[PDB]
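Summary of the model geometry
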Amino acid sequence: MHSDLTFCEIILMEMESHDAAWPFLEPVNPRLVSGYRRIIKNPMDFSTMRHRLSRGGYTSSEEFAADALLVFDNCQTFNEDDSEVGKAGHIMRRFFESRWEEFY
Ligand SMILES: CCc1c(-c2csc(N3CCNCC3)n2)[nH]c(C)c1C(C)=O
Ligand SMILES: [Mg+2]
């Protein structure tokens, strides 16, 4: 438990500070992104994960990883792989995956 959640802190801090994290530090504003609400059923972002981590809302590290994967699934759902947001999501996705297995 304590082991599970301290890893998520480390990972989330390192994603928050990553160069390629700029598209995911705050929720997408659907007023600014035509089509987002229609296409992305379950939005997610790093600060939503931060807020949920801060109040203890993650019971296990598997839930935390589920939210992280959703960030990048939504990203690949909405943005082309060769777009600027797409390219950053791939970098962030691979960062998370490699950092995740460096514990589990
Ligand atoms: C293409 C829009 C988009 C962004 C995005 C673009 S610019 C930005 N910001 C930079 C820092 N200032 C605040 C906001 N975010 N991010 C995601 C996950 C998007 C989509 C739809 O998937
Ligand atoms: Mg892999």
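In terms of determination method and resolution, the entry is listed under X-ray crystallography at 2.3450 Å.

Looking at the PDB entry, one finds the chain named Bromodomain adjacent to zinc finger domain protein 2A, with Homo sapiens as its source organism.

Considering the packing of aromatic side chains
Counted under the stated rule, the structure contains 10 aromatic pairs. Note on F7 and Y104: the rings are 5.8 Å apart at their centroids and 65 degrees apart in plane angle, and the pair reads as edge-to-face. Taken together, the residues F7 in helix 1 (residues 2-16) and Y104 in the segment after helix 5 (84-101) connect sequence positions 97 residues apart. On the basis of relative accessibility, which here comes to 25%, the residue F7 falls in the partly exposed class. The exposure class of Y104 is partly exposed, given its relative accessible area of 41%. Members of the aromatic cluster, each reached through a chain of ring pairs, are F7, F96, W100, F103 and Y104.

Each value, and the rule that gives it
Residues numbered from 1 in each chain as written, not as in the entry; some residues may be left out. Chains lettered and ligands numbered in written order. Heavy atoms only, no water. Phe/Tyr/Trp six-rings, centres within 6.5 Å; stacked < 30°, edge-to-face > 60°. Helix = DSSP H or I, 4+ residues; strand = E, 2+ residues; numbered from the N terminus. Buried < 20%, exposed > 50% of the residue type's maximum accessible area, 1.4 Å probe, protein only.

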